[PDB]
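Participant: what's the 3D shape of this:
(chains A, B, C, D, E, F, G and H, ligands or ions: 3)
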Amino acid sequence: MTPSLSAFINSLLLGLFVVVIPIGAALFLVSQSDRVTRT
Amino acid sequence: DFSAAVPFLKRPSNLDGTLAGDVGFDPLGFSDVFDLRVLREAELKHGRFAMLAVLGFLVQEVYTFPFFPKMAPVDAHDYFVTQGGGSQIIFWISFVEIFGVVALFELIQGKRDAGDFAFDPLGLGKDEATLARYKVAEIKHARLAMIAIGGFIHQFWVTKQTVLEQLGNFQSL
Amino acid sequence: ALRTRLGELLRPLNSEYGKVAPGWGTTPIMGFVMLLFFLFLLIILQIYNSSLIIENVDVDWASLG
Amino acid sequence: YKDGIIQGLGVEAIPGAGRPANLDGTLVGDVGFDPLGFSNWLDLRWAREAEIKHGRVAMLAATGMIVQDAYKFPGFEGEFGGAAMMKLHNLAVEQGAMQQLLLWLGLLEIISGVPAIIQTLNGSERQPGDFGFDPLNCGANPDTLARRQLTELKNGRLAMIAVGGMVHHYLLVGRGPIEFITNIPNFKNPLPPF
Amino acid sequence: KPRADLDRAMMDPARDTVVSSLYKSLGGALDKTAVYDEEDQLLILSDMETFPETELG
Amino acid sequence: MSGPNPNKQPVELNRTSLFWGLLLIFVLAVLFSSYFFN
Amino acid sequence: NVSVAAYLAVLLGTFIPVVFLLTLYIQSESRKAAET
Amino acid sequence: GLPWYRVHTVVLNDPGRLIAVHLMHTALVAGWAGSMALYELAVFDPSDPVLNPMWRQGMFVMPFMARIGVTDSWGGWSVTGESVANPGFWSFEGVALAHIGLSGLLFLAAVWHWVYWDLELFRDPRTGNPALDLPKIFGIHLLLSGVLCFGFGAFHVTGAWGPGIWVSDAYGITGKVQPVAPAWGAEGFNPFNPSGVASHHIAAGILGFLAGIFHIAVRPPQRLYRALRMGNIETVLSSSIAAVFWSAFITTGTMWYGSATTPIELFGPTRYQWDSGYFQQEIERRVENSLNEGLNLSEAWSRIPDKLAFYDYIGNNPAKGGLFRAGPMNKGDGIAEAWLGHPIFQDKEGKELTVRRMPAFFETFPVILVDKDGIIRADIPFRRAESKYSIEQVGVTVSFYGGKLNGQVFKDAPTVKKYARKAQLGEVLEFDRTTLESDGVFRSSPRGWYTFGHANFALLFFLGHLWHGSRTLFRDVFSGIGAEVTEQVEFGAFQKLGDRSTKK
Ligand SMILES: CC1=C(C#C/C(C)=C/C=C/C(C)=C/C=C/C=C(C)/C=C/C=C(C)/C=C/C2=C(C)CCCC2(C)C)C(C)(C)C[C@H](O)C1
Ligand SMILES: CC1=C(C#C/C(C)=C/C=C/C(C)=C/C=C/C=C(C)/C=C/C=C(C)/C=C/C2=C(C)CCCC2(C)C)C(C)(C)C[C@H](O)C1
Ligand SMILES: CC1=CCCC(C)(C)[C@H]1/C=C/C(C)=C/C=C/C(C)=C/C=C/C=C(C)/C=C/C=C(C)/C=C/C1=C(C)CCCC1(C)C
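Facilitator: Numbering: from 1, shown residues only, chains lettered A, B, ... in the order given. Ligands and ions are numbered 1, 2, ... in the order given. Shown next is the protein structure:
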């Protein structure tokens, strides 16, 4: 485990939990909340 | 209906319990996808190979033929790679299992029981109760020897000594 | 349409045009495999870029010896 | 005991607030305490199984913290020395104890929990945290069984918090649990090698 | 080869395992795929409209 | 069978396209002749 | 001085696409003429 | 009628003639390979592999033949410089003739498939229209490609049944085709480790075989079938073009930056070996090691091979050529005859001076001589300027160690200026100019030409991929839009854009 490899794994984790999880979670919440009336 | 062996897991839908040794143990569920007859064929053949291998390890450690050189069983494998006896052994195994392929095809077609080559030359099992008891004993011994042969090989790999030799002086490391 | 021996041999291999799996099928596991492939490409790109230094992996002409 | 005053609809933590809709006071240890809305997007079977597993693992971990600092098996204290806590892990990895433990526990988890996870998430009768492991027929009475369930859950929470506390205690001072509680002042600390 | 007479209608999901669920996820027991797309997917639209001619024009 | 292929289509090129193509090819030759020669 | 075999490049690259365009135009014009 | 740019769309719904035109294209490509190999064999000079290798002569497909085993010729020579008494069939000529014969056979097959287009295999049993089950065809082709990749990496590269691939040392002195054992660790992802080729091909062949089994077995989801338009073959064209220009970018990068798959004895050195002073550092290290053994400068510099000194030269840099400076590298600075040796420049006081090397950016660079500290002690004026540090004033003398001029000391100003101009370019060499009438402007290696062609091809195929993805996803509005668009384009008419059921 080199420092560069540890930094790469930490970058993957930070990218997930900072960009992908929050954006996807907010998208899911607002899509479930603000729906479209298809009547 | 939960499994008899595993109380927290459901019994697999393909393991009704008619087969020998069918206690319901299948956590990963290979019987849910692949054919149970082919799996029992593979299990029985693995076990028979392993039982013969365990008996061979014991005998080879206790007695080697005088026209063969004296050595451990595991490193004899390369000696018979070079000499040609192992090629003969796998040649005859391949010759038997060429017809084994046909037997497996008949097993797929459902005209043969799993692991049933009808090989009873001495007539030991003819009564149905004794036949079922022998099936259970055979599968239990097959599983035990499948574990035991890997145990022997890995113990020789880590300790550089054979089975009864290690039981002689139990060196721990 | 003329019928040939090779055509009749290969006919079952081209006989299911338009046959689909209903619903989403295997899309989630496909996305999982695509994610793994993306991670693998990222790893090898950063190795070739020397942004990811691994033990015993010297990205250099001198590693040929 | 499952009474309605220690768990359920009656007692309600952070009073003056509303209970979550999914947290309907049916599971064990429901005191109405779910801030941050974790019970809305997460399956309660998965969360309950995770809580039970973490609690049991932390119980074993904390008992190891207490016992290793007091008594050591013959043979390990010569190979490892006076190491414990965060030093026993790195020496045991190179020794062979940690790799064997990882392999055996991972094999046990693979052949026990994963199919249990799948079945209890797909709708089997197996409750989360239930492996049916009842030797000596302990807790055969249902009221006693509920008492044991609630006690196990609360002691698992306590064990998780205590394990975190002891880990941080060694990460700061550099002493084991009983050594940390008998050496209360923060001075004269040794080296805490991670 | 996976067994015949396998479908996700008789197989109880409560009895699922690692291999069975991995088989379901990899498109196994797909005997419900008798449906076809029934869309041309090469049909270029040809519904041209004729504009009416005005007096100016 | 060997006969009328239903996918046979005629090919057109009006005079405007012919003149555009001639202009394009001749201008490209004018541009790249100096570089091919040297 | 000026490299040889570039005359071949310039002249063939000028002629061949011009040939292609002229053939296309004449073919199209004759098809139109026989359409009448 | 069809426009000139749509003439090939007649085989879009004709599978037999699609196969016919693919066969014709394959025959053309194979014939180009054969004819190019024959021409390169006609213009190749195998006499001196050290100072006139294949990349100095503009050989393009010869490096790719020599990369994975084909190194001998029916003429009795090898590209490694050795003599082969029994060449065997798979020489360069054998490969070229095999490609010509393959081109002819594929041409005949294309003729047959163009004439016999209405095969019953190409018609859907359910509908009767000519159709291709593209997902299962992809499964079959992926399985075939996995088998081919696994076989190549398991028998050809490893030498189990095959020649192996070209493996050289770190500095391109002793390179040959060797069997290559695969490396299954993280070192297989070292791009300069040739074991990665074998391990990659074995693992990727296994994975492709499994994926082909999966794609034959399992039908696509309806959502992916409708979304990607899997009933249309233009989505296959679009995704194939995308993958192809992805691969072209990958090969462009591995050619320009160098890897184990682009050795310097076949494609020439890279520009970053000149930028970093790679061969210069190696030569200095060897000379220092020889000086530490008690040798003098002449014996230390005479031990340097001519190949290693030839690599340390800016005329072999692929980043020194020109776009329209066509021809081989020998058409530029000339055909290399001999290494003249390492020049060491000394002033009237005996202090050593090094001519600053020309960077790859500069068409022209001023000739300046620095000392060991980095201070300009001598130089050459621009063309006719009044000078302060000129060669005539400082009295610079040059002494050569090693090479053809070993031991000679030149003290006259014109010769010292000439050799300083030559030392600006790196190692001083002797070039032959009357054989090809070399003009004297540097030209690029096959590495640089490959990089240029494939970078431009990848960039253009990006545009092609965009065009075909657009024509796939917008097939219904190919000839224009209808009157059903006017209601959708009203702002706020529908809640969801383009959905008629979400009307407010
Ligand atoms: C490669 C090679 C060779 C070789 C070789 C060979 C033949 C190597 C063979 C290796 C083998 C067979 C290893 C088997 C291991 C079995 C294990 C670990 C089973 C564990 C079962 C457990 C833990 C059960 C657990 C349990 C379960 C699940 C159910 C009940 C509960 C519990 C009991 C706990 C040679 C010798 C020919 C030489 C050649 O030159 C090189
Ligand atoms: C990394 C590493 C290693 C390691 C390691 C290890 C052992 C890492 C273990 C880390 C652990 C177990 C951390 C746990 C922390 C628990 C906390 C903070 C609990 C907080 C509870 C709170 C705040 C409660 C709040 C509350 C709530 C919710 C509301 C009510 C009020 C209240 C109850 C207060 C090794 C051993 C491999 C060595 C390696 O060389 C380095
Ligand atoms: C100038 C130019 C334009 C822009 C791009 C770029 C700059 C790269 C450059 C590239 C131009 C291109 C695409 C050139 C293409 C060259 C090609 C395709 C050359 C291929 C020629 C094919 C040849 C001889 C085939 C010979 C085969 C023969 C006899 C077969 C004969 C036989 C047959 C027919 C039946 C069986 C028996 C036998 C003897 C085998």
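Participant: which residues sit in contact with the residue in chain B that ligand 2 sits nearest to?
Facilitator: The minimum distance from chain B to ligand 2, using C-beta to the nearest ligand atom, falls at residue B:173 (24.9 Å). Yep, even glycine has a C-beta here, placed from its N, CA and C like the rest. Counting by C-beta atoms under 8 Å, 6 or more residues apart in numbering or on different chains, residue B:173 makes contact with B:158-159.
Participant: hang on, it in a strand?
Facilitator: No: the assignment for residue B:173, made by DSSP: H, G, I helix; E, B strand; the rest coil, is coil rather than a strand.
Participant: What ranges does chain A have for its helices?
Facilitator: For chain A, the helices defined by DSSP state H occupy A:3-15, A:21-33.
Participant: meant to ask about chain D, not that
Facilitator: Along chain D, the segments classed as helices by DSSP H run D:38-41, D:44-68, D:76-80, D:86-95, D:97-122, D:142-172, D:177-182.
Participant: And the fifth one, what's buried?
Facilitator: For helix D:97-122, a neighbour-count test (16 or more other C-beta atoms under 10 Å in any protein chain shown) marks D:97, D:111-113, D:115-121 as buried.
Participant: can you check the shortest one too?
Facilitator: Neighbour counts over helix D:38-41 (16+ other C-beta under 10 Å) mark residue D:39 as buried.
Participant: just the longest one next, same as before
Facilitator: Under the neighbour-count criterion of 16+ other C-beta under 10 Å, helix D:142-172 has D:146-147, D:149-150, D:152-153, D:155-156, D:159-160, D:162-163, D:166, D:169-170 buried.
Participant: Closest one of those residues to chain H?
Facilitator: residue D:170 (33.2 Å; C-beta to the nearest C-beta).
Participant: Spatially nearest residue to that closest one (excluding sequence neighbours)?
Facilitator: residue D:85 (4.0 Å; C-beta to C-beta, 6 or more residues apart in numbering or on different chains).
Participant: so can I have a markdown table of the buried residues of helix D:97-122 showing distance to chain A?
Facilitator: Output for these, formatted as a markdown table (distance: C-beta to the nearest C-beta, whole Å):
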| residue | distance to chain A |
| --- | --- |
| D:97 | 21 |
| D:111 | 29 |
| D:112 | 28 |
| D:113 | 24 |
| D:115 | 28 |
| D:116 | 27 |
| D:117 | 22 |
| D:118 | 24 |
| D:119 | 27 |
| D:120 | 24 |
| D:121 | 20 |
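Participant: Could I get the helices of chain D in a markdown table, plus columns for distance to residue H:259?
Facilitator: Below are the helices of chain D laid out as a markdown table (distance: least, C-beta to C-beta, whole Å):
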| stretch | distance to residue H:259 |
| --- | --- |
| helix D:38-41 | 47 |
| helix D:44-68 | 46 |
| helix D:76-80 | 46 |
| helix D:86-95 | 36 |
| helix D:97-122 | 36 |
| helix D:142-172 | 45 |
| helix D:177-182 | 55 |
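Participant: State the number of residues packed around the closest residue to residue B:20 other than its chain neighbours.
Facilitator: Of all residues not flanking residue B:20 in the chain, residue B:135 sits nearest, at 3.6 Å (C-beta to C-beta, 6+ apart). Other residues near residue B:135 come to 17 when the count uses other C-beta atoms under 10 Å in any protein chain shown.
Participant: ok now do the closest residue to chain H within chain D, which residues does it touch?
Facilitator: Closest residue of chain D to chain H, C-beta to the nearest C-beta: residue D:99 (18.9 Å). By C-beta under 8 Å, 6+ apart, the residues touching residue D:99 are residue D:93.
Participant: can you do 6 Å?
Facilitator: Contact analysis of residue D:99 by C-beta atoms under 6 Å, 6 or more residues apart in numbering or on different chains lists nothing.
Participant: for chain B, which helix is longest?
Facilitator: helix B:128-159.
Participant: got the buried residues for it?
Facilitator: B:135, B:138-139, B:141-142, B:145-146, B:148-149, B:152, B:156.
Participant: which two in those residues are spaced the farthest apart?
Facilitator: With distances taken as C-beta to C-beta, the most widely separated pair in the buried residues of helix B:128-159 is B:135 and B:156, at 31.8 Å.
Participant: how near is the residue in chain C that chain G sits nearest to to residue H:15?
Facilitator: Using C-beta to the nearest C-beta, the single residue of chain C nearest to chain G is residue C:1, 30.1 Å away. Residue C:1 is 11 Å from residue H:15, where distance means C-beta to C-beta, to the nearest Å.
Participant: Then residue H:403?
Facilitator: 65 Å.
Participant: for residue H:68, same thing?
Facilitator: Counting by C-beta to C-beta, the gap from residue H:68 to residue H:15 is 34 Å.
Participant: helix or strand for whichever residue of chain G sits closest to chain B, which one?
Facilitator: At 59.6 Å from chain B, residue G:20 is the closest residue in chain G, using C-beta to the nearest C-beta. Per DSSP states H and E, residue G:20 falls inside helix G:6-35.
Participant: what's that helix packed up against?
Facilitator: helix F:15-36 (3 or more C-beta pairs under 6 Å, 6 or more residues apart in numbering or on different chains; DSSP states H and E).
Participant: Give me the number of neighbouring residues for residue 15.
Facilitator: Defaulting to chain A. 11.
Participant: that answer is for a different chain, and I need it for chain H
Facilitator: The number of residues near residue H:15, taken as other C-beta under 10 Å, comes to 22.
Participant: Distance check, it against ligand 2.
Facilitator: 60 Å (C-beta to the nearest ligand atom, to the nearest Å).
Participant: Ok, residue C:54 next?
Facilitator: 21 Å.
Participant: My read is that that residue contacts residue H:186, right?
Facilitator: Yes: Residue C:54 is in contact with residue H:186 according to C-beta atoms under 6 Å; the separation is 5.0 Å.
Participant: Just want to know which of the two has more residues nearby.
Facilitator: Shown here are residue C:54 and residue H:186; by other C-beta under 10 Å, residue C:54 has more neighbours (20 against 14).
Participant: Tell me the bridge partners for that one.
Facilitator: Beta-bridge pairing of residue C:54 under DSSP bridges involves residue C:57.
Participant: For it, give its distance to residue H:190.
Facilitator: 9 Å.
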